[PDB]
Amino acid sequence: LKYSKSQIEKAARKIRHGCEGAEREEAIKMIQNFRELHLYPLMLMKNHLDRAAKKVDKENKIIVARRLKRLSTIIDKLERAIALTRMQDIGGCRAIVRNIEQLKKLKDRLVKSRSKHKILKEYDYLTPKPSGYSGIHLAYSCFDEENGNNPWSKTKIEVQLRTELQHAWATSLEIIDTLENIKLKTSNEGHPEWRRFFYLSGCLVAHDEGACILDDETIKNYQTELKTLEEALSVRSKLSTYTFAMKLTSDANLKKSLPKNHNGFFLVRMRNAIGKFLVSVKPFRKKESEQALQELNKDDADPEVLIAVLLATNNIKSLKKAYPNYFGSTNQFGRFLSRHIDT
């Protein structure tokens, strides 16, 4: 219940070197305590950010999201060299703005704020990162200098600023990365085509947004590569099909048909009728995964089937929770891809 910052740094060193047993259970308990200390400052920064976003946009169209980083994610990060007490994002906030002008207007307001929470670092990623990621991160230290008997002194909270198109790119990257099982963050090796697809589309997003303007020769060669990579990967089709399958599993009638503890697969199939089409979503228990794969290969071999996809329900659930407006984003990203490919 009462662990000092020295005990927490020492608990994090234990997980890095690979502890086990009772030693591991004490280390994880101290780290969970440290994780819980970020809850109040996370929610405080979220209201601070919502109050500042309502000032820059009187229409109230800025979407604000927040998340406390999961214990399992923190534990995995330490055993893969980031220091636990140097981590900037145990608590993280995000503001999604309409355009770059709105983005810079919100950044200026947060930077000019006179509060006890200090921006220790401003990360300008308006020129995309090697992944294709673009936006702005603000690394806050809550109750930085004015402390006393405050348990929340120097609590690190991350603030992400993004436009709708930068967010549509990031949502599409998370959907593909999760559902295709390509570990893009996990490793810097493998899937060079998918890596290059997301980098070039990212560069073209920051160009269209006005975040980082590329010259005309670069636009032309990037569009040629984008058309090539997209055909090889079938990005627009995979992105549409995944979104369509996710949309159907949210149906109310479908959810009562489900077994109460469903934790297996969903088989989404579309076929021609004897112009008319039949769409079905078939639930499968986790134990029936071999039966689900067999039924998927039968639909893949059928010429009357246009859509055939197998999706784990737990992955669908977490993507819907992380991205409430996932369908608006995948639609926008697919339209953006068509504008650059069909030039």
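Each residue number is its position in the shown sequence, starting from 1.
The stretch of deposited sequence separating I274 from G275 contains 4 to 9 residues lacking coordinates in this entry. Where coordinates are absent for parts of the deposited sequence, a chain break appears; between neighbours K260 and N261 there is no such break.
Taking only CA atoms, the mean B-factor in the PDB entry is higher for 207-215 than for the other of 207-215 and 160-168. Legend: mean Cα B-factor per stretch from the PDB entry, 137-145 versus 248-256; the higher mean is in 248-256.
Taking only the listed residues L200, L126, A81, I74, the entry reports the highest CA temperature factor at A81. Going by the entry's values, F265 shows the largest Cα B-factor out of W194, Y222, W152, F265. Sorting the modelled residues of the chain by their CA temperature factor places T228 in the lowest third. Looking at the C-alpha B-factors along this chain, the one for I96 belongs to the lowest third. Among the modelled residues of its chain, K286 has a C-alpha B-factor that falls in the highest third, as given in the PDB entry. In the deposited entry, the Cα temperature factor of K54 sits in the middle third of values across the chain's modelled residues.
When the modelled residues of the chain are ordered by C-alpha B-factor, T243 sits in the lowest third.
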